[PDB]
């Protein structure tokens, strides 16, 4: 691990504070603007959709990425949530009601055992099974996110290879002639997350970032700040 304090300019020039963590897979080396905050644990918020979807698929709660989850008919504030979804669109739109339904069907016992087998964060599901990742006791740091993501990339998590490929499919966010990004956003009204990886021809760069997000105004800064670091480091054009 290597601290590059010069990356802080990417946060400060947007009047922002936070951390970006990168991991070069081929070289087994990591880089961050702030080593301390890189190991500070936070609520995972919607980034928990990754472990949640893996367990749901492995347990048969979800059949595949095109199976339809019917909207329960309760209208919620996020307009995109009030409709039928599959795994692809549930991830893209961070559709909490779908993931709460996943968690209820999984149950507390299977959830806790599976998170332990994943070595995910602090492994604490207290106390609502359908809302612990939002307002309970589970916490994960940026470096622990990368640790979890590396296992998923290599199909080394303690679930079926098929479950892992399907979740990696659903993580697809961006792709062009130079790179592929699979990732997941999160927001809990206090902090904002962006965790994933960048696939290249001959390497992969894992990333985890979070930042203070007092208001929804600048949620877009999560992706923008990350891409500016990737550009600076010549990872993407």
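Residue numbers count along the first chain shown, from 1.
- As listed in the deposited structure, the average C-alpha B-factor of 129-137 and of 88-96 is greater for 129-137.
- Look at the mean CA B-factor for 50-58 and for 188-196 in the entry; the higher one is 188-196.
- Of the candidates 80, 163, 145, 155, it is 80 whose Cα B-factor is highest according to the PDB record.
- For residue 183, the recorded CA temperature factor ranks within the lowest third of the chain's modelled residues.
- Among all modelled residues in its chain, residue 63 ranks in the middle third by Cα B-factor.
- Annotation for residue 219: CA B-factor lies in the highest third of the chain's modelled residues.
- Among the modelled residues of its chain, residue 37 has a C-alpha B-factor that falls in the middle third, as given in the PDB entry.
- In the deposited entry, the Cα temperature factor of residue 225 places it in the middle third of its chain's modelled residues.
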